[PDB]
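All remarks here apply to the structure that follows.
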Amino acid sequence: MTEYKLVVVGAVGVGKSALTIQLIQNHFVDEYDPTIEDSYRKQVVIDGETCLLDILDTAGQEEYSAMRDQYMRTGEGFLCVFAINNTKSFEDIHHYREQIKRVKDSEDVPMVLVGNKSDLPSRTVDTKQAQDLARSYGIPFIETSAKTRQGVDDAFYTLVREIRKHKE
Ligand SMILES: CS(=O)(=O)Cc1nc2ccccc2[nH]1
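The entry's author numbering applies: residue 1 is where the sequence shown begins, and numbers increase by one.
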């Protein structure tokens with residue numbers, strides 16, 4: 001049972017808890033709790049490899065800056081979760097990605113881009129805007145709603161595969 005550390009980083013109003021809990025105990029929480037640091041751990045069968053996935057839900061407040069470098073250095077994977085109900089958060093990803101590069105010290109990093117609330121009718125961002133951009137970076141774009149549970153496991157399995165490819 002190999003250990004995999006996945007840190008969840010997103011913006012405010014994305015509902016990261018709705019994604020994490022949906023995978024942990026398969027529960028959808030509509031409520032928005034001010035998460036500071038929530039530890040999660042789940043055992044999944046990655047294409048046959050049952051491993052231990054360590055997940056940490058961080059805060060979305062800019063107040064935590066000095067502690068940012070701390071968790072970003074121990075995180076094997078970075079779960080960039082944003083909501084397509086806001087076009088501002090789509091730009092904030094660049095700030096995070098650019099910073100992550102500074103903490104990773106490498107251009108090669110198994111990261112993907114996902115968008116929650118893809119089931120909301122207030123969708124102001126289209127998939128093309130994300131696909132075209134993701135094409136440039138060369139990163140797989142996966143759209144999964146944590147409300148209806150559409151390819152949730154698949155989105156996590158793909159990430160682990162990317163990490164394994166980097167390892168070996
Ligand atoms: C039970 S735990 O070890 O606190 C959960 C966790 N999730 C993580 C993600 C990245 C790095 C360390 C991480 N630790």
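C-beta atoms are modelled at their ideal positions from N, C-alpha and C, and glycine is treated no differently.
Helix, strand or coil for residue i, going by three-state DSSP, please let me know.
i, result
"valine 44", "strand"
"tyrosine 32", "coil"
"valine 160", "helix"
"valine 14", "coil"
"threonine 2", "coil"
"residue 171", "Residue coverage of the chain in this structure runs from 1 to 168, which leaves residue 171 outside it and unanswerable."
"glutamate 98", "helix"
Going by beta carbon distance, what residues of the same chain come within less than 6 Å of residue i, once the five residues before and after it are set aside?
i, result
"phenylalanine 141", "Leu113, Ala130, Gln131, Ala134"
"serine 145", "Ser118, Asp119"
Considering Cα atoms alone, identify which of the options is closest to residue i.
i, options, result
"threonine 74", "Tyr64, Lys147, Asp54, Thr124", "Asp54"
"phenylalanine 82", "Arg164, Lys5, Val12, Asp154", "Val12"
"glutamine 22", "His94, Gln150, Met111, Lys167", "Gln150"
"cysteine 51", "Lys5, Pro34, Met72, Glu62", "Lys5"
"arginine 164", "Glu62, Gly77, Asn26, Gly138", "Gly77"
"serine 65", "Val8, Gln99, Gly115, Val29", "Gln99"
"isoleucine 84", "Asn116, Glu168, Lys128, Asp47", "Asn116"
"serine 39", "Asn26, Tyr137, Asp154, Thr20", "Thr20"
"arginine 41", "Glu3, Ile139, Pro34, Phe28", "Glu3"
"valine 7", "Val44, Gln25, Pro121, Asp57", "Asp57"
If you drop the 5 nearest sequence neighbours on each side, which residues of the same chain put their C-beta closer than 7 Å to that of residue i?
i, result
"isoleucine 36", "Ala59"
"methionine 1", "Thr50, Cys51, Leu52"
"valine 103", "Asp69, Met72, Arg73"
"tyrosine 32", "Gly15"
"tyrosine 96", "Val9, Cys80"
CB-CB under 8 Å to residue i, same chain, minus the five flanking residues each way: which ones, in chain order?
i, result
"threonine 87", "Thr124, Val125"
"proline 110", "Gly77, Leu159, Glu162, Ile163, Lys165, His166"
"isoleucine 139", "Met111, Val112, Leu113"
Which residue spans inside the stretch 61 to 92 form an unbroken beta strand (DSSP E) run of at least 3? 77 to 83
Length-filtered (3 minimum) beta strand (DSSP E) runs lying within the stretch 105 to 158: 112 to 116, 141 to 143
Using the beta carbon as the reference atom, which residues fall closer than 6 Å to any heavy atom of ligand 1, ordered along the chain? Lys5, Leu6, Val7, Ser39, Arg41, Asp54, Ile55, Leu56, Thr74, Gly75
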